[PDB]
Engineer: 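Pasting a structure below so you can have a look.
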Amino acid sequence: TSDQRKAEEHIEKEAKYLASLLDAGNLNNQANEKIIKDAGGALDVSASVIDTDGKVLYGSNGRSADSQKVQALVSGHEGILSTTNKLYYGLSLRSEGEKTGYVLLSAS
Amino acid sequence: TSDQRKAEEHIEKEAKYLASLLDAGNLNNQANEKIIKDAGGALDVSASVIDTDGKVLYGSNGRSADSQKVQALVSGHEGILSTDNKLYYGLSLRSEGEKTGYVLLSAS
């Protein structure tokens with residue numbers, strides 16, 4: 001009922017939606033990039049896909065990601081991430097039993 | 001093109017996202033209503049859920065839908081439904097094969 005609780009639940013559902021659309025066995029490809037670009041604009045989020053080494057592959061708003069959040073993702077953290085106010089949500093992506101990358105959402 | 005095609009792209013992706021969120025096996029319940037009220041407000045769209053009889057169950061902006069657009073949905077129409085100059089997008093919802101209703105968006 002809290003506005004903060006609703007904003008967090010909403011970014012969580014968006015991030016999981018987005019991760020469900022990605023081909024995580026082929027992360028760095030044109031098709032996945034388009035999905036992220038189009039979703040980003042339609043859903044009012046900034047979204048980036050990051051590989052396991054912390055390199056940003058593409059994003060709806062440019063090929064960039066907040067360094068501290070990417071560090072958190074590489075360290076194994078998921079869910080709502082720890083900015084200081086600004087809303088962030090990250091999930092790991094997996095293919096055939098192995099981690100292949102991360103998706104990071106910023107609300108926006 | 002250009003601001004129009006962007007608008008059409010966004011309402012399509014918003015519609016698909018909202019459709020994914022719904023429990024289509026129990027369309028007329030309080031949980032689904034909440035999902036549409038919350039997500040409709042956060043995405044800044046008007047979204048209504050309609051049963052297979054054309055009855056409007058709930059919407060993010062009140063329990064209404066344009067009558068001619070509901071009729072087109074009941075007729076089997078999907079996608080951009082868009083009248084002259086008002087933007088609409090509609091999708092059927094299914095549970096275990098069976099059609100259980102429709103989601104109708106209008107821009108906002």
Side-chain angles (χ1 to χ4, degrees), chain A residues 3-81 83 85-95 98-108, chain B residues 1-2 4 6-21 38-45 47 80 87 89 105 107-108:
Chain A
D3 289 321
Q4 185 200 332
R5 174 202 270 138
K6 282 170 184 182
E8 301 187 359
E9 285 168 7
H10 178 77
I11 203 177
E12 172 183 352
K13 289 292 192 297
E14 290 181 315
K16 290 172 175 182
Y17 180 66
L18 283 201
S20 86
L21 297 167
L22 293 165
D23 181 6
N26 295 291
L27 262 195
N28 192 42
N29 82 359
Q30 293 178 277
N32 279 329
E33 183 165 358
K34 183 175 169 38
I35 288 155
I36 293 293
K37 196 159 196 272
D38 299 339
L43 295 190
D44 291 328
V45 291
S46 179
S48 296
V49 173
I50 303 111
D51 73 21
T52 59
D53 292 320
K55 178 191 170 311
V56 185
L57 304 186
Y58 41 87
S60 69
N61 213 15
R63 194 184 64 84
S64 70
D66 188 82
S67 191
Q68 300 299 294
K69 305 307 171 252
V70 171
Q71 296 184 13
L73 284 173
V74 178
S75 83
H77 287 46
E78 289 186 312
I80 301 290
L81 301 183
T83 204
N85 198 313
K86 181 101 182 305
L87 199 43
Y88 289 88
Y89 196 96
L91 289 172
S92 68
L93 302 168
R94 306 178 73 87
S95 186
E98 300 295 327
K99 179 138 78 204
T100 59
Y102 310 94
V103 64
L104 178 65
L105 282 64
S106 207
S108 212
Chain B
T1 265
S2 187
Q4 184 180 357
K6 179 196 189 83
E8 290 181 7
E9 265 179 276
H10 295 170
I11 200 172
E12 175 191 338
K13 302 301 201 268
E14 292 159 0
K16 294 196 178 159
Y17 170 67
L18 293 179
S20 79
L21 296 178
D38 293 356
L43 291 176
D44 190 32
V45 305
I80 300 286
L87 181 54
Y89 193 97
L105 280 62
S108 267

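Within every chain, numbering begins at 1; the chains are lettered A, B, ... in the order of the sequence lines, protein sequences first and strands thereafter.
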Engineer: I'd like to know if the side chain of A:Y89 reaches the main chain of A:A15, judged simply by a donor and an acceptor atom lying under 3.5 Å from each other, with no hydrogens or angles considered.
Structural biologist: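 A pair under 3.5 Å: no.
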
Engineer: According to ring pair (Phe, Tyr, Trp, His ring centres under 6.0 Å), does anything in residues 15-55 of chain A pair up with another residue at least two apart or in another chain? List the pairs.
Structural biologist: A:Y17-B:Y17

Engineer: Ignoring hydrogens and geometry, is there a side-chain-to-backbone donor-acceptor pair from A:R94 to A:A24 under 3.5 Å?
Structural biologist: no

Engineer: So how far is it from A:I35 CD1 to A:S20 OG, rounded to the nearest 0.5 Å?
Structural biologist: 9.5 Å

Engineer: Heavy atoms only: give me the nearest B:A39-B:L21 pair and the separation to one decimal.
Structural biologist: CB-CD1, 4.0 Å

Engineer: Do A:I11 and A:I80 make a side-chain contact, defined as non-hydrogen atoms from C-beta onward lying under 4.5 Å apart?
Structural biologist: yes

Engineer: Please report the closest heavy-atom contact between A:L91 and A:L73, naming both atoms and the distance.
Structural biologist: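 Scanning both residues completely, I find the closest heavy atoms to be N-CD2, 4.1 Å.
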
Engineer: Only one of A:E12, A:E14, A:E8, A:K6 forms a side chain to side chain contact (heavy atoms under 4.5 Å, CB included) with A:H10, so which one is it?
Structural biologist: A:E14

Engineer: Compare every heavy atom of B:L43 with every heavy atom of A:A42, then report the nearest pair and how far apart it is.
Structural biologist: O-CD2, 4.5 Å

Engineer: Taking side chain to side chain donor-acceptor pair (under 3.5 Å) as the cut-off, I'd like each qualifying pair that reaches into residues 23-33 of chain A, sequence neighbours left out, listed once.
Structural biologist: A:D23-A:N26, A:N29-A:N32

Engineer: Any donor-acceptor pair under 3.5 Å linking the side chain of A:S106 with the backbone of A:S46?
Structural biologist: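 The answer is no, because no donor-acceptor pair under 3.5 Å joins these two groups.
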
Engineer: Can you measure from NE2 (A:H77) to OG (A:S92) and round to the nearest 0.5 angstrom?
Structural biologist: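 A:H77 atom NE2 to A:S92 atom OG measures 13.0 Å (nearest 0.5 Å).
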
Engineer: For residues 29-61 of chain A, which residue pairs qualify under ring pair (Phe, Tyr, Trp, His ring centres under 6.0 Å), counting only residues two or more places apart or in two chains?
Structural biologist: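 Sorted pair list comes back empty.
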
Engineer: Drop me the distance from A:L81's CG to A:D66's CG, to the nearest 0.5 angstrom.
Structural biologist: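 If I round to the nearest 0.5 Å, the distance is 9.5 Å.
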
Engineer: Provide the full list of salt bridge (charged side-chain N to carboxylate O under 4.0 Å, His left out) pairs with a residue in residues 36-56 of chain A, sequence neighbours left out, each pair given once.
Structural biologist: A:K34-A:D38

Engineer: Grab the two heavy atoms, one from A:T52 and one from A:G101, that are nearest each other, plus how far apart they are.
Structural biologist: CG2-N, 3.7 Å

Engineer: Applying ring pair (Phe, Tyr, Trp, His ring centres under 6.0 Å) as the test, list every pair that has at least one member in residues 24-44 of chain A; sequence neighbours left out.
Structural biologist: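 Output for this query is empty, none listed.
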
Engineer: So which heavy atom on A:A65 is nearest to which on A:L104, and how close?
Structural biologist: CB-CD2, 4.1 Å

Engineer: Please give me the minimum heavy-atom distance between A:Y102 and A:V74, naming the atom from each residue.
Structural biologist: OH-CA, 3.6 Å

Engineer: Atom CG in A:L22, atom CD1 in A:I36: separation rounded to 0.5 Å?
Structural biologist: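 Atom-to-atom, A:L22:CG and A:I36:CD1 are 4.5 Å apart.
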
Engineer: Judged by atom type as modelled, is there a donor-acceptor pair below 3.5 Å linking the side chain of A:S48 to the main-chain atoms of A:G59?
Structural biologist: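 No: the side chain of A:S48 does not pair with the backbone of A:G59.
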
Engineer: About how many Å separate CD of B:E9 and CD of B:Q4, when rounded to the nearest 0.5 Å?
Structural biologist: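 Here the rounded value is 12.0 Å.
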
Engineer: Just to verify, what does B:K13 make a salt bridge (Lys or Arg N to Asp or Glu O under 4.0 Å) with, not counting sequence neighbours?
Structural biologist: none

